[PDB]
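This report refers to the structure that appears directly beneath it.
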Amino acid sequence: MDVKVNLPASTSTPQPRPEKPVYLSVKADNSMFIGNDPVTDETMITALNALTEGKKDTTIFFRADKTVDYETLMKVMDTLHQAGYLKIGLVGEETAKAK
């Protein structure tokens, strides 16, 4: 008793490529979670470039959880700063200060 069986199957579905704004969202001690596109603090740059095709000339909103520490915001800033990003909108924050 022996026979070679197979599981043939195929499905043709659409694949639209719409355009939408870039919105960042972080939570916990330090965890990035984009809309249906979760990432880490390590692949944050690589992933970002893979999604925005490496475009730092786009107004991206930086949404940081209310449970973020000073060290976290200091790392993300210094990281995105050295990695470019010269146009990052500050969500829920439009106030300036100097002294």
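Output wanted: per-residue J couplings in Hz (rounded whole) for region 9-20, from phi through Karplus 6.51 cos²θ - 1.76 cosθ + 1.60, θ = phi - 60°, x for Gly and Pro.
5, 7, 8, 9, 10, x, 7, x, 10, x, 10, 9
Longer than 20 Å from Cα to Cα, which of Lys55/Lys87; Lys27/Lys99; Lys27/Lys87 are they? Say none if no pair is.
Beyond 20 Å: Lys27/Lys99; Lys27/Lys87.
Applying the Karplus parametrisation 6.51 cos²θ - 1.76 cosθ + 1.60 with θ = phi - 60° to the phi angles of region 40-53, what ³J(HN,Hα) value in whole Hz is obtained for each residue in order, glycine and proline being reported as x?
For region 40-53, the Karplus curve yields 10, 6, 9, 8, 4, 6, 3, 4, 3, 5, 6, 9, 8, 6 Hz.
Restricting to bridges with both residues inside the chain, how much of the DSSP beta-bridge set is antiparallel, in percent to the nearest 5?
45 percent
Among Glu94, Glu19, which comes first, second and so on when ranked by fewest other beta-carbon atoms within 10 Å?
In increasing order of surrounding Cβ atoms, one gets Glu19, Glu94.
Only loop residues by DSSP count here, and only those with at most 16 other Cβ atoms within 10 Å; note down the trypsin sites (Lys or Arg not before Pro) in region 1-92 that meet that.
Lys4, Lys55, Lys56, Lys66, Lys87
Because the Cβ atoms are built from the backbone with ideal geometry, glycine has one as well, and the counts that use them run over all protein chains shown. Throughout, read-outs are computed from the coordinates displayed, never taken from laboratory work.
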